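What's in target04.json: JSON, C-alpha atoms and all ligand atoms
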```json
[["chain", "number", "residue", "atom", "x", "y", "z"],
["A", 1, "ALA", "CA", -22.99, -8.73, 0.90],
["A", 2, "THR", "CA", -24.39, -11.28, -1.55],
["A", 3, "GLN", "CA", -23.39, -11.68, -5.21],
["A", 4, "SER", "CA", -26.11, -13.16, -7.43],
["A", 5, "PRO", "CA", -25.83, -14.55, -9.99],
["A", 6, "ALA", "CA", -22.32, -15.91, -9.47],
["A", 7, "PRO", "CA", -19.62, -18.15, -10.97],
["A", 8, "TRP", "CA", -20.36, -21.74, -9.90],
["A", 9, "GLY", "CA", -17.15, -22.14, -7.89],
["A", 10, "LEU", "CA", -17.89, -19.13, -5.68],
["A", 11, "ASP", "CA", -21.49, -20.34, -5.55],
["A", 12, "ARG", "CA", -20.47, -23.77, -4.27],
["A", 13, "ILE", "CA", -18.21, -22.75, -1.44],
["A", 14, "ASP", "CA", -20.60, -20.62, 0.64],
["A", 15, "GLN", "CA", -22.94, -23.56, 1.24],
["A", 16, "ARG", "CA", -22.61, -27.12, 2.49],
["A", 17, "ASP", "CA", -24.94, -28.95, 0.10],
["A", 18, "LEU", "CA", -26.24, -28.96, -3.46],
["A", 19, "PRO", "CA", -28.13, -27.73, -5.30],
["A", 20, "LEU", "CA", -26.28, -24.53, -6.14],
["A", 21, "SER", "CA", -28.01, -21.31, -5.04],
["A", 22, "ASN", "CA", -26.67, -19.07, -7.84],
["A", 23, "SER", "CA", -25.42, -16.83, -5.03],
["A", 24, "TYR", "CA", -22.19, -16.10, -3.22],
["A", 25, "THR", "CA", -22.36, -14.47, 0.18],
["A", 26, "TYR", "CA", -19.34, -12.89, 1.88],
["A", 27, "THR", "CA", -18.95, -11.15, 5.23],
["A", 28, "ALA", "CA", -15.33, -10.12, 4.56],
["A", 29, "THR", "CA", -13.42, -9.01, 1.47],
["A", 30, "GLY", "CA", -9.74, -9.60, 2.37],
["A", 31, "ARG", "CA", -9.25, -5.84, 2.67],
["A", 32, "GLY", "CA", -5.67, -5.13, 3.80],
["A", 33, "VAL", "CA", -4.29, -8.59, 3.09],
["A", 34, "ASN", "CA", -1.54, -9.14, 0.58],
["A", 35, "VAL", "CA", -1.77, -12.02, -1.87],
["A", 36, "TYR", "CA", 1.35, -13.09, -3.81],
["A", 37, "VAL", "CA", 0.53, -14.93, -7.03],
["A", 38, "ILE", "CA", 3.58, -16.96, -8.09],
["A", 39, "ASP", "CA", 2.77, -17.75, -11.69],
["A", 40, "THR", "CA", 3.02, -16.38, -15.23],
["A", 41, "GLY", "CA", 2.44, -12.81, -14.07],
["A", 42, "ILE", "CA", -0.74, -10.69, -13.94],
["A", 43, "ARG", "CA", -2.36, -8.31, -16.43],
["A", 44, "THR", "CA", -2.60, -5.62, -13.79],
["A", 45, "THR", "CA", -4.84, -3.24, -15.76],
["A", 46, "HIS", "CA", -7.59, -5.81, -16.18],
["A", 47, "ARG", "CA", -10.89, -4.30, -15.17],
["A", 48, "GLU", "CA", -11.51, -7.10, -12.59],
["A", 49, "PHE", "CA", -8.81, -5.77, -10.24],
["A", 50, "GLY", "CA", -9.76, -2.08, -10.08],
["A", 51, "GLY", "CA", -6.20, -0.93, -9.42],
["A", 52, "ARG", "CA", -5.53, -3.51, -6.67],
["A", 53, "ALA", "CA", -3.08, -5.62, -8.70],
["A", 54, "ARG", "CA", 0.58, -4.63, -8.88],
["A", 55, "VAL", "CA", 3.90, -6.25, -9.82],
["A", 56, "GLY", "CA", 6.22, -7.45, -7.04],
["A", 57, "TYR", "CA", 8.90, -9.41, -8.84],
["A", 58, "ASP", "CA", 9.83, -10.88, -12.24],
["A", 59, "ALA", "CA", 12.45, -13.67, -12.34],
["A", 60, "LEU", "CA", 12.79, -13.62, -16.16],
["A", 61, "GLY", "CA", 13.92, -10.05, -16.94],
["A", 62, "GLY", "CA", 10.45, -8.81, -17.80],
["A", 63, "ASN", "CA", 7.97, -6.38, -16.27],
["A", 64, "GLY", "CA", 5.79, -8.84, -14.36],
["A", 65, "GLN", "CA", 2.86, -8.66, -16.82],
["A", 66, "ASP", "CA", 1.16, -11.87, -17.93],
["A", 67, "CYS", "CA", 1.65, -13.07, -21.53],
["A", 68, "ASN", "CA", 0.18, -16.51, -20.90],
["A", 69, "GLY", "CA", -3.20, -16.05, -19.20],
["A", 70, "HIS", "CA", -2.86, -18.47, -16.29],
["A", 71, "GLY", "CA", -1.57, -15.96, -13.73],
["A", 72, "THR", "CA", -4.31, -13.46, -14.57],
["A", 73, "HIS", "CA", -6.97, -16.17, -14.41],
["A", 74, "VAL", "CA", -5.69, -17.36, -11.04],
["A", 75, "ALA", "CA", -5.53, -13.77, -9.72],
["A", 76, "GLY", "CA", -9.10, -13.22, -10.77],
["A", 77, "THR", "CA", -10.49, -16.21, -8.83],
["A", 78, "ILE", "CA", -8.66, -15.00, -5.80],
["A", 79, "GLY", "CA", -9.53, -11.36, -5.97],
["A", 80, "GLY", "CA", -11.45, -10.18, -9.02],
["A", 81, "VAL", "CA", -14.57, -8.11, -8.28],
["A", 82, "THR", "CA", -16.76, -10.48, -10.32],
["A", 83, "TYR", "CA", -14.83, -13.76, -10.33],
["A", 84, "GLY", "CA", -13.05, -13.47, -7.00],
["A", 85, "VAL", "CA", -13.49, -14.94, -3.53],
["A", 86, "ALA", "CA", -11.95, -11.98, -1.70],
["A", 87, "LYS", "CA", -13.05, -8.94, -3.59],
["A", 88, "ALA", "CA", -10.77, -6.32, -1.96],
["A", 89, "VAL", "CA", -7.37, -7.99, -1.52],
["A", 90, "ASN", "CA", -4.05, -6.50, -2.64],
["A", 91, "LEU", "CA", -2.61, -8.69, -5.45],
["A", 92, "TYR", "CA", 1.11, -8.95, -6.28],
["A", 93, "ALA", "CA", 2.47, -10.56, -9.43],
["A", 94, "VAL", "CA", 5.50, -12.73, -8.78],
["A", 95, "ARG", "CA", 6.30, -13.77, -12.33],
["A", 96, "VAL", "CA", 8.34, -16.98, -12.60],
["A", 97, "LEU", "CA", 6.92, -18.60, -15.82],
["A", 98, "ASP", "CA", 7.21, -17.42, -19.43],
["A", 99, "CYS", "CA", 4.53, -16.71, -22.05],
["A", 100, "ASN", "CA", 4.34, -20.45, -22.67],
["A", 101, "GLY", "CA", 3.98, -21.16, -18.94],
["A", 102, "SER", "CA", 7.38, -22.82, -18.69],
["A", 103, "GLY", "CA", 10.30, -21.96, -16.39],
["A", 104, "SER", "CA", 13.19, -23.55, -14.54],
["A", 105, "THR", "CA", 12.68, -24.61, -10.93],
["A", 106, "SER", "CA", 15.46, -22.22, -10.05],
["A", 107, "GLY", "CA", 13.38, -19.24, -11.12],
["A", 108, "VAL", "CA", 10.40, -20.59, -9.22],
["A", 109, "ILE", "CA", 12.54, -20.76, -6.13],
["A", 110, "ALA", "CA", 13.77, -17.22, -6.74],
["A", 111, "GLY", "CA", 10.17, -16.00, -6.59],
["A", 112, "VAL", "CA", 9.43, -18.03, -3.43],
["A", 113, "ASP", "CA", 12.51, -16.54, -1.71],
["A", 114, "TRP", "CA", 11.47, -13.03, -2.84],
["A", 115, "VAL", "CA", 8.09, -13.52, -1.12],
["A", 116, "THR", "CA", 9.83, -14.78, 2.01],
["A", 117, "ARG", "CA", 11.98, -11.68, 2.38],
["A", 118, "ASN", "CA", 9.66, -9.06, 0.86],
["A", 119, "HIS", "CA", 6.10, -9.96, 1.90],
["A", 120, "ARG", "CA", 4.06, -7.77, 4.26],
["A", 121, "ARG", "CA", 1.72, -9.44, 6.77],
["A", 122, "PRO", "CA", -0.93, -10.51, 6.61],
["A", 123, "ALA", "CA", 0.22, -12.49, 3.56],
["A", 124, "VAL", "CA", -0.99, -15.33, 1.36],
["A", 125, "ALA", "CA", 0.91, -16.94, -1.50],
["A", 126, "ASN", "CA", -0.69, -18.91, -4.33],
["A", 127, "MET", "CA", 1.29, -21.55, -6.25],
["A", 128, "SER", "CA", -0.87, -22.91, -9.08],
["A", 129, "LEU", "CA", 1.98, -24.95, -10.48],
["A", 130, "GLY", "CA", 3.75, -28.25, -9.81],
["A", 131, "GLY", "CA", 6.39, -30.67, -11.09],
["A", 132, "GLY", "CA", 8.48, -33.64, -10.02],
["A", 133, "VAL", "CA", 9.87, -33.99, -6.49],
["A", 134, "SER", "CA", 12.32, -31.20, -5.62],
["A", 135, "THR", "CA", 13.74, -30.97, -2.14],
["A", 136, "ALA", "CA", 15.15, -27.50, -2.82],
["A", 137, "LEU", "CA", 11.70, -26.20, -3.84],
["A", 138, "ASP", "CA", 10.07, -27.96, -0.88],
["A", 139, "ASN", "CA", 12.58, -26.31, 1.50],
["A", 140, "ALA", "CA", 12.10, -22.89, 0.01],
["A", 141, "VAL", "CA", 8.33, -23.19, 0.46],
["A", 142, "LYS", "CA", 8.75, -24.49, 4.04],
["A", 143, "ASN", "CA", 11.05, -21.56, 4.88],
["A", 144, "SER", "CA", 8.55, -19.09, 3.45],
["A", 145, "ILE", "CA", 5.73, -20.56, 5.57],
["A", 146, "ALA", "CA", 7.98, -20.49, 8.65],
["A", 147, "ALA", "CA", 8.55, -16.78, 7.90],
["A", 148, "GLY", "CA", 4.82, -16.31, 8.32],
["A", 149, "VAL", "CA", 3.28, -16.63, 4.87],
["A", 150, "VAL", "CA", 0.25, -18.88, 4.25],
["A", 151, "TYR", "CA", 0.70, -21.00, 1.12],
["A", 152, "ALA", "CA", -1.94, -22.65, -1.01],
["A", 153, "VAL", "CA", -0.53, -24.98, -3.72],
["A", 154, "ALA", "CA", -2.08, -27.09, -6.48],
["A", 155, "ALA", "CA", -2.22, -30.84, -5.91],
["A", 156, "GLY", "CA", -1.41, -31.34, -9.61],
["A", 157, "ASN", "CA", -3.30, -32.77, -12.57],
["A", 158, "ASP", "CA", -1.76, -36.21, -12.96],
["A", 159, "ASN", "CA", -4.66, -38.30, -11.69],
["A", 160, "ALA", "CA", -1.99, -39.58, -9.32],
["A", 161, "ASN", "CA", -0.79, -39.57, -5.74],
["A", 162, "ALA", "CA", 0.02, -35.92, -4.85],
["A", 163, "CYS", "CA", 2.83, -36.92, -2.51],
["A", 164, "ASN", "CA", 4.98, -37.53, -5.57],
["A", 165, "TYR", "CA", 5.04, -33.88, -6.59],
["A", 166, "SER", "CA", 6.57, -30.56, -5.48],
["A", 167, "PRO", "CA", 5.45, -28.44, -3.86],
["A", 168, "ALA", "CA", 2.18, -30.37, -3.45],
["A", 169, "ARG", "CA", 3.78, -32.78, -0.99],
["A", 170, "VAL", "CA", 4.74, -30.07, 1.54],
["A", 171, "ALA", "CA", 2.75, -30.84, 4.73],
["A", 172, "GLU", "CA", 2.73, -27.22, 5.94],
["A", 173, "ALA", "CA", 1.22, -25.84, 2.71],
["A", 174, "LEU", "CA", -2.49, -26.16, 1.99],
["A", 175, "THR", "CA", -2.58, -28.70, -0.84],
["A", 176, "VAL", "CA", -5.65, -28.38, -3.05],
["A", 177, "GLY", "CA", -7.38, -30.94, -5.31],
["A", 178, "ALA", "CA", -10.19, -30.18, -7.84],
["A", 179, "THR", "CA", -13.86, -31.11, -7.90],
["A", 180, "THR", "CA", -16.70, -30.73, -10.37],
["A", 181, "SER", "CA", -20.09, -29.12, -9.98],
["A", 182, "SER", "CA", -21.49, -32.61, -9.26],
["A", 183, "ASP", "CA", -19.28, -32.78, -6.14],
["A", 184, "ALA", "CA", -17.05, -35.45, -7.69],
["A", 185, "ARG", "CA", -13.23, -35.47, -7.98],
["A", 186, "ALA", "CA", -12.32, -34.05, -11.37],
["A", 187, "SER", "CA", -10.87, -36.93, -13.43],
["A", 188, "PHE", "CA", -7.41, -35.23, -13.69],
["A", 189, "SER", "CA", -7.07, -34.27, -10.07],
["A", 190, "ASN", "CA", -4.23, -35.63, -7.98],
["A", 191, "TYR", "CA", -5.41, -37.15, -4.71],
["A", 192, "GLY", "CA", -4.44, -39.07, -1.59],
["A", 193, "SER", "CA", -3.08, -38.24, 1.86],
["A", 194, "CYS", "CA", -0.95, -35.26, 0.77],
["A", 195, "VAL", "CA", -4.10, -33.48, -0.42],
["A", 196, "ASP", "CA", -5.53, -31.30, 2.39],
["A", 197, "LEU", "CA", -8.89, -30.46, 0.79],
["A", 198, "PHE", "CA", -10.74, -30.04, -2.49],
["A", 199, "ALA", "CA", -12.31, -26.97, -4.11],
["A", 200, "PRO", "CA", -14.07, -26.22, -7.41],
["A", 201, "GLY", "CA", -11.63, -26.74, -10.30],
["A", 202, "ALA", "CA", -13.54, -27.58, -13.48],
["A", 203, "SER", "CA", -15.11, -24.97, -15.83],
["A", 204, "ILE", "CA", -13.98, -22.02, -13.73],
["A", 205, "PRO", "CA", -14.44, -18.64, -15.44],
["A", 206, "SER", "CA", -12.08, -15.77, -14.70],
["A", 207, "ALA", "CA", -10.06, -12.93, -16.27],
["A", 208, "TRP", "CA", -7.53, -13.44, -19.09],
["A", 209, "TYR", "CA", -4.54, -11.48, -20.32],
["A", 210, "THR", "CA", -5.40, -10.59, -23.95],
["A", 211, "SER", "CA", -7.33, -7.38, -23.11],
["A", 212, "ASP", "CA", -8.56, -5.47, -20.05],
["A", 213, "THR", "CA", -11.95, -7.12, -20.45],
["A", 214, "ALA", "CA", -11.03, -10.62, -21.64],
["A", 215, "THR", "CA", -12.17, -13.77, -19.82],
["A", 216, "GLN", "CA", -11.55, -17.50, -20.18],
["A", 217, "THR", "CA", -12.98, -20.69, -18.71],
["A", 218, "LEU", "CA", -10.41, -23.26, -17.47],
["A", 219, "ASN", "CA", -10.02, -26.65, -15.81],
["A", 220, "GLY", "CA", -7.37, -27.75, -13.35],
["A", 221, "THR", "CA", -6.17, -28.00, -9.80],
["A", 222, "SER", "CA", -4.58, -24.62, -10.66],
["A", 223, "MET", "CA", -8.13, -23.21, -10.64],
["A", 224, "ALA", "CA", -9.13, -24.88, -7.33],
["A", 225, "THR", "CA", -6.14, -23.51, -5.43],
["A", 226, "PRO", "CA", -6.97, -19.77, -5.69],
["A", 227, "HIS", "CA", -10.40, -20.41, -4.13],
["A", 228, "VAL", "CA", -8.56, -21.62, -1.03],
["A", 229, "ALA", "CA", -6.10, -18.68, -1.16],
["A", 230, "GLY", "CA", -9.10, -16.34, -1.32],
["A", 231, "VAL", "CA", -10.64, -17.93, 1.76],
["A", 232, "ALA", "CA", -7.38, -17.62, 3.64],
["A", 233, "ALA", "CA", -7.47, -13.90, 2.83],
["A", 234, "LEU", "CA", -11.03, -13.66, 4.16],
["A", 235, "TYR", "CA", -9.94, -15.24, 7.43],
["A", 236, "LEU", "CA", -6.80, -13.14, 7.83],
["A", 237, "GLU", "CA", -8.79, -9.94, 7.37],
["A", 238, "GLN", "CA", -10.60, -10.66, 10.64],
["A", 239, "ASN", "CA", -7.61, -12.36, 12.30],
["A", 240, "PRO", "CA", -4.50, -10.57, 11.01],
["A", 241, "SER", "CA", -2.28, -11.94, 13.83],
["A", 242, "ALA", "CA", -2.96, -15.62, 12.96],
["A", 243, "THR", "CA", 0.00, -17.85, 12.03],
["A", 244, "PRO", "CA", -0.12, -19.97, 8.87],
["A", 245, "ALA", "CA", -0.73, -23.01, 11.07],
["A", 246, "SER", "CA", -3.85, -21.42, 12.60],
["A", 247, "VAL", "CA", -5.21, -20.30, 9.21],
["A", 248, "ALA", "CA", -4.82, -23.77, 7.79],
["A", 249, "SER", "CA", -6.49, -25.22, 10.85],
["A", 250, "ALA", "CA", -9.47, -22.87, 10.62],
["A", 251, "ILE", "CA", -10.06, -23.69, 7.00],
["A", 252, "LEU", "CA", -9.68, -27.45, 7.45],
["A", 253, "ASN", "CA", -11.79, -27.61, 10.58],
["A", 254, "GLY", "CA", -14.44, -25.46, 8.90],
["A", 255, "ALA", "CA", -14.47, -27.47, 5.67],
["A", 256, "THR", "CA", -17.59, -29.25, 4.42],
["A", 257, "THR", "CA", -17.20, -32.98, 5.01],
["A", 258, "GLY", "CA", -18.71, -36.11, 3.49],
["A", 259, "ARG", "CA", -20.16, -34.52, 0.37],
["A", 260, "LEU", "CA", -17.62, -35.60, -2.23],
["A", 261, "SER", "CA", -17.60, -38.70, -4.41],
["A", 262, "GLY", "CA", -14.72, -40.57, -6.08],
["A", 263, "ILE", "CA", -11.95, -38.84, -4.11],
["A", 264, "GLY", "CA", -9.61, -41.84, -3.91],
["A", 265, "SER", "CA", -7.70, -43.75, -1.25],
["A", 266, "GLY", "CA", -6.15, -41.65, 1.51],
["A", 267, "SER", "CA", -7.99, -38.47, 0.35],
["A", 268, "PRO", "CA", -9.80, -36.40, 3.00],
["A", 269, "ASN", "CA", -13.50, -35.85, 2.24],
["A", 270, "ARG", "CA", -13.26, -32.09, 2.71],
["A", 271, "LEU", "CA", -14.63, -29.36, 0.47],
["A", 272, "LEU", "CA", -13.75, -25.70, 0.91],
["A", 273, "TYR", "CA", -16.27, -23.62, 2.89],
["A", 274, "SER", "CA", -15.90, -19.84, 2.95],
["A", 275, "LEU", "CA", -18.06, -18.72, 5.85],
["A", 276, "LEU", "CA", -15.56, -19.20, 8.63],
["A", 301, "CA", "CA", -24.14, -20.49, -3.03],
["A", 302, "CA", "CA", -0.05, -29.98, 2.24]]
```
Can you dump the structure from the file as structure tokens?
Amino acid sequence: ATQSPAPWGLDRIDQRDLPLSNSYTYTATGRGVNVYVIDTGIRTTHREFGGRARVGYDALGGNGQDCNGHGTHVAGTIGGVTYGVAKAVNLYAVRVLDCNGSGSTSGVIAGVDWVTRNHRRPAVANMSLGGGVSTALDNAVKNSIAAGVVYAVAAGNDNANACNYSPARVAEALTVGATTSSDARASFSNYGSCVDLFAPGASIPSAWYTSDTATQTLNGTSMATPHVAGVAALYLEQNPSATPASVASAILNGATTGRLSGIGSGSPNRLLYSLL
């Protein structure tokens, strides 16, 4: 099916080169695959989700609904009917951050462990968050991936080496940096050898929590990451038996190479491509 016109980030990833086509083509929808958004929650009644969003877990005593905006926004780029890569996935809120988007690492780990024990295959988890080095968080994400869940995580927005952050530095997770519509590294994006690939992450429009119709445009590696989660869901729809290692390998081998500018030392020149 082809969506036209389309949000620029969707637009960019179904082609290798500029200029943008104002169209996003998809041969899969992620139907039947379960995406766990570990974030500030999700406004599940937002019209972008058409009943496909539900709450899985809330580490803060609440009901899993978003009161910040970020989780809803992220969920929309993954699976919203207009703003989403994979327009028919199942979305699950795993709420580990408060209305101000803050939370202890302990609560983040609680949500990662919940996904490990409660996910259903095929399963994708999105972590559009990051912080200083934490071996306990790294280990909980590695254990979740060993259990069979594909993880996409933000590289971080420090304009720094991504290996210095958790869970960005986990080798087994897909670690995602941000680019602009000119195919350059966004000026805030972390980079280097712990980054696995880049995806659109500046001026990304998606859903917001303040109403069932609200939208917002945002910048960050948190916005790049859900594009990659969405593509993992596309792949798993057609290959539901694939291990996280094989999914990562399909996306990285299929990635567009050589098109990016300013990506930094040690960074791979790889841009997400959806038509795997
Ligand atoms: Ca396009
Ligand atoms: Ca990684």
Using only C-alpha atoms, the best pick from A:21, A:102, A:269, A:68 as closest to residue 6 (chain A) would be A:21
Could you build a table of the residues in chain A lying no more than 10 Å from ligand CA 301 (chain A), giving for each the nearest pair of atoms and their separation in Å rounded to one decimal place, using only C-alpha atoms and all ligand atoms, ordered by chain and ascending residue number, as JSON lines?
```
{"residue": "A:2", "atom": "CA", "partner": "A:CA301", "partner_atom": "CA", "distance": 9.3}
{"residue": "A:3", "atom": "CA", "partner": "A:CA301", "partner_atom": "CA", "distance": 9.1}
{"residue": "A:4", "atom": "CA", "partner": "A:CA301", "partner_atom": "CA", "distance": 8.8}
{"residue": "A:5", "atom": "CA", "partner": "A:CA301", "partner_atom": "CA", "distance": 9.3}
{"residue": "A:6", "atom": "CA", "partner": "A:CA301", "partner_atom": "CA", "distance": 8.1}
{"residue": "A:7", "atom": "CA", "partner": "A:CA301", "partner_atom": "CA", "distance": 9.4}
{"residue": "A:8", "atom": "CA", "partner": "A:CA301", "partner_atom": "CA", "distance": 7.9}
{"residue": "A:9", "atom": "CA", "partner": "A:CA301", "partner_atom": "CA", "distance": 8.7}
{"residue": "A:10", "atom": "CA", "partner": "A:CA301", "partner_atom": "CA", "distance": 6.9}
{"residue": "A:11", "atom": "CA", "partner": "A:CA301", "partner_atom": "CA", "distance": 3.7}
{"residue": "A:12", "atom": "CA", "partner": "A:CA301", "partner_atom": "CA", "distance": 5.1}
{"residue": "A:13", "atom": "CA", "partner": "A:CA301", "partner_atom": "CA", "distance": 6.5}
{"residue": "A:14", "atom": "CA", "partner": "A:CA301", "partner_atom": "CA", "distance": 5.1}
{"residue": "A:15", "atom": "CA", "partner": "A:CA301", "partner_atom": "CA", "distance": 5.4}
{"residue": "A:16", "atom": "CA", "partner": "A:CA301", "partner_atom": "CA", "distance": 8.8}
{"residue": "A:17", "atom": "CA", "partner": "A:CA301", "partner_atom": "CA", "distance": 9.1}
{"residue": "A:18", "atom": "CA", "partner": "A:CA301", "partner_atom": "CA", "distance": 8.7}
{"residue": "A:19", "atom": "CA", "partner": "A:CA301", "partner_atom": "CA", "distance": 8.6}
{"residue": "A:20", "atom": "CA", "partner": "A:CA301", "partner_atom": "CA", "distance": 5.5}
{"residue": "A:21", "atom": "CA", "partner": "A:CA301", "partner_atom": "CA", "distance": 4.4}
{"residue": "A:22", "atom": "CA", "partner": "A:CA301", "partner_atom": "CA", "distance": 5.6}
{"residue": "A:23", "atom": "CA", "partner": "A:CA301", "partner_atom": "CA", "distance": 4.4}
{"residue": "A:24", "atom": "CA", "partner": "A:CA301", "partner_atom": "CA", "distance": 4.8}
{"residue": "A:25", "atom": "CA", "partner": "A:CA301", "partner_atom": "CA", "distance": 7.1}
```
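Of the listed residues A:140, A:96, A:247, A:123, the one whose atoms come nearest to residue 61 (chain A) is A:96, with distances taken using only C-alpha atoms.
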TODO: With only C-alpha atoms and all ligand atoms counted, collect every polymer residue having an atom within 9 Å of ligand CA 302 (chain A); state the result as a VMD selection string.
DONE: chain A and resid 152 to 153 155 163 167 to 176 193 to 197
Using only C-alpha atoms, the residue out of A:261, A:273, A:45, A:143 with shortest distance to residue 184 (chain A) is A:261
**Message:** Need the shell around residue 116 (chain A): protein/DNA/RNA residues with any atom at most 9 Å away, counting all atoms listed in the file. Skip same-chain ones fewer than 3 positions apart. Format as a ChimeraX atom specification?
**Reply:** /A:111-113,119,140-141,143-149
Would you put the residues from that selection into a file with C-alpha atoms, as a PDB file, keeping the file's coordinate frame?
```
ATOM      1  CA  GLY A 111      10.170 -16.000  -6.590  1.00  0.00           C
ATOM      2  CA  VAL A 112       9.430 -18.030  -3.430  1.00  0.00           C
ATOM      3  CA  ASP A 113      12.510 -16.540  -1.710  1.00  0.00           C
ATOM      4  CA  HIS A 119       6.100  -9.960   1.900  1.00  0.00           C
ATOM      5  CA  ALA A 140      12.100 -22.890   0.010  1.00  0.00           C
ATOM      6  CA  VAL A 141       8.330 -23.190   0.460  1.00  0.00           C
ATOM      7  CA  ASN A 143      11.050 -21.560   4.880  1.00  0.00           C
ATOM      8  CA  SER A 144       8.550 -19.090   3.450  1.00  0.00           C
ATOM      9  CA  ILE A 145       5.730 -20.560   5.570  1.00  0.00           C
ATOM     10  CA  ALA A 146       7.980 -20.490   8.650  1.00  0.00           C
ATOM     11  CA  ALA A 147       8.550 -16.780   7.900  1.00  0.00           C
ATOM     12  CA  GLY A 148       4.820 -16.310   8.320  1.00  0.00           C
ATOM     13  CA  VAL A 149       3.280 -16.630   4.870  1.00  0.00           C
TER      14      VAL A 149
END
```
For this session: Tell me, as number ranges by chain, which residues lie within 9 Å of residue 240 (chain A), counting all atoms listed in the file; anything in the same chain fewer than 2 positions away does not count.
Result: A: 33, 121-122, 235-238, 242-243
Give me, as a PyMOL selection string, all polymer residues having an atom no more than 7 Å from region 132-136 of chain A, counting all atoms listed in the file and skipping those fewer than 6 positions away in the same chain. chain A and resi 164-166
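Between CA of residue 60 (chain A) and CA of residue 125 (chain A) the interatomic distance comes to 19.2 Å.
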(Q) I'd like the neighbourhood of residue 62 (chain A) as a PyMOL selection string, where a residue qualifies if any of its atoms comes within 10 Å (using only C-alpha atoms), though same-chain residues fewer than 4 positions away should be ignored. (A) chain A and resi 41+57-58+66+95-96+98
One decimal place gives the CA of residue 77 (chain A)-CA of residue 35 (chain A) separation as 11.9 Å
If we count only C-alpha atoms, what is near residue 217 (chain A) at a cut-off of 10 Å, once residues fewer than 5 positions away on the same chain are taken out, given as a CSV table (one decimal) with C-alpha atoms, in the coordinates of the input?
```
chain,number,residue,atom,x,y,z
A,73,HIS,CA,-7.0,-16.2,-14.4
A,202,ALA,CA,-13.5,-27.6,-13.5
A,203,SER,CA,-15.1,-25.0,-15.8
A,204,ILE,CA,-14.0,-22.0,-13.7
A,205,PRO,CA,-14.4,-18.6,-15.4
A,206,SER,CA,-12.1,-15.8,-14.7
A,207,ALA,CA,-10.1,-12.9,-16.3
A,208,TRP,CA,-7.5,-13.4,-19.1
A,223,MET,CA,-8.1,-23.2,-10.6
```
Using all atoms listed in the file, the residue out of A:88, A:94, A:74, A:234 with shortest distance to residue 59 (chain A) is A:94
A straight line from CA of residue 231 (chain A) to CA of residue 85 (chain A) spans 6.7 Å
Fix up region 235-244 of chain A with N, CA, C and O atoms, then write it as a PDB file, in the frame of the given file.
```pdb
ATOM      1  N   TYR A 235     -10.134 -14.925   6.016  1.00  0.00           N
ATOM      2  CA  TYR A 235      -9.940 -15.240   7.430  1.00  0.00           C
ATOM      3  C   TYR A 235      -8.951 -14.276   8.059  1.00  0.00           C
ATOM      4  O   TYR A 235      -9.153 -13.747   9.157  1.00  0.00           O
ATOM      5  N   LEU A 236      -7.857 -14.022   7.346  1.00  0.00           N
ATOM      6  CA  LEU A 236      -6.800 -13.140   7.830  1.00  0.00           C
ATOM      7  C   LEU A 236      -7.294 -11.706   7.974  1.00  0.00           C
ATOM      8  O   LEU A 236      -6.766 -10.958   8.793  1.00  0.00           O
ATOM      9  N   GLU A 237      -8.294 -11.305   7.184  1.00  0.00           N
ATOM     10  CA  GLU A 237      -8.790  -9.940   7.370  1.00  0.00           C
ATOM     11  C   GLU A 237      -9.289  -9.746   8.806  1.00  0.00           C
ATOM     12  O   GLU A 237      -9.017  -8.733   9.452  1.00  0.00           O
ATOM     13  N   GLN A 238     -10.003 -10.738   9.315  1.00  0.00           N
ATOM     14  CA  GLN A 238     -10.600 -10.660  10.640  1.00  0.00           C
ATOM     15  C   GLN A 238      -9.644 -11.129  11.730  1.00  0.00           C
ATOM     16  O   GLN A 238      -9.875 -10.842  12.903  1.00  0.00           O
ATOM     17  N   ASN A 239      -8.585 -11.837  11.349  1.00  0.00           N
ATOM     18  CA  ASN A 239      -7.610 -12.360  12.300  1.00  0.00           C
ATOM     19  C   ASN A 239      -6.191 -12.093  11.829  1.00  0.00           C
ATOM     20  O   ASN A 239      -5.439 -13.023  11.572  1.00  0.00           O
ATOM     21  N   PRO A 240      -5.768 -10.845  11.665  1.00  0.00           N
ATOM     22  CA  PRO A 240      -4.500 -10.570  11.010  1.00  0.00           C
ATOM     23  C   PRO A 240      -3.270 -11.070  11.768  1.00  0.00           C
ATOM     24  O   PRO A 240      -2.220 -11.103  11.107  1.00  0.00           O
ATOM     25  N   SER A 241      -3.390 -11.431  13.037  1.00  0.00           N
ATOM     26  CA  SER A 241      -2.280 -11.940  13.830  1.00  0.00           C
ATOM     27  C   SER A 241      -2.077 -13.450  13.668  1.00  0.00           C
ATOM     28  O   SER A 241      -1.037 -13.949  14.104  1.00  0.00           O
ATOM     29  N   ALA A 242      -3.034 -14.173  13.089  1.00  0.00           N
ATOM     30  CA  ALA A 242      -2.960 -15.620  12.960  1.00  0.00           C
ATOM     31  C   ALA A 242      -1.726 -16.101  12.185  1.00  0.00           C
ATOM     32  O   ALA A 242      -1.393 -15.508  11.154  1.00  0.00           O
ATOM     33  N   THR A 243      -1.107 -17.167  12.693  1.00  0.00           N
ATOM     34  CA  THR A 243       0.000 -17.850  12.030  1.00  0.00           C
ATOM     35  C   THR A 243      -0.528 -18.715  10.890  1.00  0.00           C
ATOM     36  O   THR A 243      -1.700 -19.090  10.904  1.00  0.00           O
ATOM     37  N   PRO A 244       0.316 -19.058   9.928  1.00  0.00           N
ATOM     38  CA  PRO A 244      -0.120 -19.970   8.870  1.00  0.00           C
ATOM     39  C   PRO A 244      -0.731 -21.255   9.427  1.00  0.00           C
ATOM     40  O   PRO A 244      -1.762 -21.755   8.950  1.00  0.00           O
TER      41      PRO A 244
END
```
